[PDB]
Each structure stands twice: as C-alpha cells, then as structure tokens.
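Naming: A, B, ... by sequence-line order, numbering from 1 per chain.
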Amino acid sequence: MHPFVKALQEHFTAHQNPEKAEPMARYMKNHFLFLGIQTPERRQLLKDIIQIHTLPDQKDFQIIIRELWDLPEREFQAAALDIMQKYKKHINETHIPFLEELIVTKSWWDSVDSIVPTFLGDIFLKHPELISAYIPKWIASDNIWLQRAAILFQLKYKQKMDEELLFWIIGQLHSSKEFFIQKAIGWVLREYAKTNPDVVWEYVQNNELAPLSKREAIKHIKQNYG
DNA sequence: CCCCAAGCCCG
DNA sequence: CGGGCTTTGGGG
Ligand SMILES: COc1cc2[nH]c(C(=O)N3C[C@@H](Cn4cnc(N)c5ncnc4-5)c4c3cc(O)c3[nH]c(C(=O)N5CCc6c5c(O)c(OC)c5[nH]c(C(=O)SC)cc65)cc43)cc2cc1O
C-alpha cells in the first residue's frame, strides 16, 4: 500500500462518523460501507494529506486510484475521483481502458456520473474519431453502467453535441426497462434542451421513449410548446 | 450566495 | 405512472 494511501486511510478513519454513515449507506441502497464523512470535510482531509505528503508521482497514479478503489468505504472512491481531478490535464485517450475499469468496478451512479461526463467527455471531445471504438461495445454490453456511459459522455457538450450520434445512442437503448438507463436518457435530453430545445422537443414527440425518459426530458421546456 | 443536479411517498 | 418533497453535491 502506497504511503499516501495509508496516510489518507488513517486520517479519514480518525474523523469517521458512524451516526452519519448509516443514512449515507442507506442512501446508496447499502451497496457500500461508509465512514460517514460528507464532501466538504472529505475534501479538506484530502487537502491535509496532499499538503503533508505531496501529490503522488504520475507513475503511481493508476496504482493509487486502484488502491483507493479497493478499500471498503465509499469515501475512498470519492477521494480517488478528487485525486484524479488533480491530474485532469494529463488524462488522454490512453486512459480510456482505465476509466472503463473504474466504471464497472464498485459501480453506482455517484462514481459513474463523475467519471463519464467529465473525464470521458473531455477525451472524446478532443478525439471524436475514437467514439466508434468504444460506444458500440458499451451499448451492447450487459453492463448498465457502460450503457449509461454511452448516453452521458456528451452530457455537457452544448453546441459541440453530435445530435445524430446522441439520438442514435438513445434509439439503441430506448426499450431498456432499467431505471438508470431510462433516467440517463431523460437527463441528457433535458440538459441538451438547454442548448437546443426545439430539436429535443421534436425528438421526444416523434420517437418512442419510456414514459420516465420523456417526462424527465421535457419537464423544464414543455411550458413553451403547445 | 445562487441555481442546477438521487431516495421517499402519496395520489 | 406523475410528480412534489427531501437531503447533499456540482459548478458558477
Ligand atoms: C455531470 O454533471 C453533474 C453531476 C452531478 N452529480 C451529482 C451527484 O453526484 N450528487 C448530487 C446529490 C444527489 N441528489 C440530491 N438531491 C437532489 N435533488 C438530486 N437530484 C439529483 N441528484 C440529487 C448527491 C450526489 C452524490 C453523492 O455522493 C451524494 N450523497 C448524498 C448524501 O449523502 N445524502 C443525500 C440524502 C442524505 C445525505 C446525507 O449525507 C445525509 O447526512 C447523513 C442525510 N441525512 C438525511 C436525513 O437525516 S433526512 C432529514 C438525508 C441525507 C447526496 C449526494 C450532482 C450532479 C450535477 C451535475 O450537473
């Protein structure tokens, strides 16, 4: 175990709050143990360890993240994503398999909704020619979190949205009965409707979607149509 | 500060 | 199903 990770584990554990850990763990449907440390203090505790030990060398970067990913309490995956932000400008196409592995390990919406729109979205914005090397596999996978990755990687693209691709992806997954797929479709359409509401409205009025997906997509624009 | 973004519950 | 309410988190 890297010294940075041991120090972070000791420091988090010394500030654990079992009273808060119970509702925090219930909120994530008891997929994970929690220490009970909410985000403001969790980020201060991480800042303390970086100040003392310095940020790990880039050569250890994936190893540090993997070690944190393997620890039981969910705050360690959250801190791992905070650490990944510190290397953001260096994340590139060679890291897609590493991000895939993070998506399919200790999976839930909290980690995936951080990994995908920020880290993957930025990679594919610079390297759109790589989208077709990953997105078809992700849609076909049995893994709902990779399917959600295919939906959400363009979430914050605004005028760089590839509309044909977005609608093709949604069409491939529109029959899913999985809540997290139906809701991801609703989210990405709702978000894109902040940039181009007319196209989203016409899409949902003319293509099949789960009721949840349609409702979530138009809940902030429907008052402007009809 | 603001406004944006799962779980629960009832109709 | 629709959607109002809750809490904390994301980002300006
Ligand atoms: C790419 O772009 C984006 C990515 C994003 N990720 C998130 C996100 O990851 N969220 C938002 C928000 C979860 N969340 C909360 N409220 C809403 N109204 C939401 N709507 C959607 N999600 C929502 C949330 C996370 C992640 C987490 O890891 C979270 N953890 C908790 C949590 O832990 N909660 C929420 C419920 C809750 C706690 C908590 O700490 C508590 O302290 C123990 C709590 N106590 C109680 C009670 O005694 S009831 C009186 C409830 C309660 C909330 C939470 C927002 C977001 C925004 C973006 O634009």
Atom-pair distance (CD1 on A/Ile151; P on B/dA5), nearest Å: 17 Å

Nucleotide of B/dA6, B/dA5, B/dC8 approaching A/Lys183 most closely (side-chain heavy atoms): B/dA6

A/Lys194 vs B/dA5: side-chain N/O to OP1/OP2 distance below 4.0 Å: yes

Value in whole Å for how far the P atom of C/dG3 lies from CZ of A/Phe179: 15 Å

Closest-nucleotide 5' rank along DNA chain C - winner of A/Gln38 and A/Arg215: A/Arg215

Sidechain N-carboxylate O distance under 4.0 Å for A/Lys106, A/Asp70: no

Pair A/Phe119-A/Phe153, ring-ring contact (aromatic ring centres under 6.0 Å, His included): steps then yes or no: CA-CA 9 Å; A/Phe119 296 99; A/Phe153 79 93; over 10 Å; no

A/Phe32, A/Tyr27, A/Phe180 screened by ring-ring contact (aromatic ring centres under 6.0 Å, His included) with A/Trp108, the one that passes: A/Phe180

N/O (side chain, A/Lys219) to phosphate O (OP1/OP2, C/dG3) under 4.0 Å: no

Nearest listed nucleotide, side chain of A/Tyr27, among B/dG7, C/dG9, B/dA5: B/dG7

First of A/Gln85 and A/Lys222 reached from the 5' end of DNA chain C, by closest nucleotide: A/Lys222

A/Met28 CE to C/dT7 P, straight-line distance once rounded to whole Å: 16 Å

Nearest-Å distance for atom pair CG/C1', residues A/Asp113 and C/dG9: 11 Å

Presence of A/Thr39 side-chain N/O under 4.0 Å of C/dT8 phosphate oxygens OP1/OP2: no

Distance, rounded to the nearest Å, where A/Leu212 contributes CG and C/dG3 contributes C1': 11 Å

Any strand: nucleotide that pairs with B/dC1 via Watson-Crick or wobble, under 3.5 Å: C/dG12

Phosphate-side-chain proximity, A/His220 and B/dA5, N/O vs OP1/OP2 below 4.0 Å: yes

Aromatic ring proximity A/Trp187/A/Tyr192, centre distance under 6.0 Å: no

Centroid separation A/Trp145 to A/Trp109 less than 6.0 Å: no

Any strand: nucleotide that pairs with C/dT7 via Watson-Crick or wobble, under 3.5 Å: none

Short side-chain N/O contact from A/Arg148 to OP1 or OP2 of B/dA6, under 4.0 Å: yes

Spacing between A/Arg190 atom CZ and C/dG3 atom P, to the nearest angstrom: 13 Å

Euclidean distance, atom NZ of residue A/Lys156 to atom P of B/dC3 [Å, nearest integer]: 17 Å

Sugar-phosphate, base or nothing in reach of A/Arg42, heavy atoms under 4.0 Å: nothing

Sugar-phosphate, base or nothing in reach of A/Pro23, heavy atoms under 4.0 Å: nothing

Gap between atoms NZ and P, on A/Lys88 and C/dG10 respectively (whole Å): 15 Å

Sugar geometry class by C1'-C2'-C3'-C4' for C/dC5: north

A/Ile49 reachable from A/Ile63 in the ILVMFWY side-chain graph, under 4.5 Å edges: no

Of the listed nucleotides C/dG9, B/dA5, B/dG7, the one nearest the side chain of A/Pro40: C/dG9

Side-chain N,O (A/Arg74) to OP1/OP2 (C/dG9) below 4.0 Å: no

Residue A/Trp187, side-chain heavy atoms: nucleotide from B/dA5, C/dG9, C/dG10 that is nearest: B/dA5

